[PDB]
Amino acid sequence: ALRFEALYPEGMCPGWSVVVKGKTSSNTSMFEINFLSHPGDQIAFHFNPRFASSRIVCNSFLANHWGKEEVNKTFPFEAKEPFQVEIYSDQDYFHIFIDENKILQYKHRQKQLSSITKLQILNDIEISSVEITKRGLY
């Protein structure tokens, strides 16, 4: 189910950081953080830790379908243990830091960054905080 959604119509990319703190309930489920663009609620960036396999799957949902999965074996999550995920965007990538360590970068596929106005968090995450902050560029 949808756990959290935010809308910032002026565009929350590039140059914004999103920090999500929480924990899972289960050791076999998953959660996801999505950045959506208008029109059409296309998913510019989907970040999906899958606890059953301890893999992070990232992708984009453009033209009504997923593209190529980018799968990461770095999995700094454990069931029921609090975590902090920070996602920051520049002109070129989304950058993911978990528990203050850099984990991965995901190259933009949706180039219309300013049309990314929505953040969505779904499935097995008990959220303690969401922060959305303008951090500038380099």
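Note that the rigid core is defined as the largest set of C-alphas that superpose within 1.5 Å between two forms. Residue numbers here begin at 1 and follow the sequence given.
- Taken in 7 other deposited structures of this protein and fitted on the core, 91-99 and 68-76 differ in how far their Cα atoms move from the shown form, and the one that moves more is 68-76.
- In this entry, 23-31 shows the higher mean Cα temperature factor of the pair 23-31 and 64-72.
- When the two stretches 33-41 and 73-81 are set side by side, the higher mean Cα temperature factor goes to 33-41.
- Taking the deposited Cα B-factors for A52, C58, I87, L113, the highest one is held by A52.
- Among all modelled residues in this chain, the alpha-carbon of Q91 has a temperature factor (C-alpha) in the middle third.
- For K102, the recorded CA B-factor ranks within the highest third of the chain. Only modelled residues enter the ranking.
- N123: CA B factor lies in the middle third for its chain, per the PDB record.
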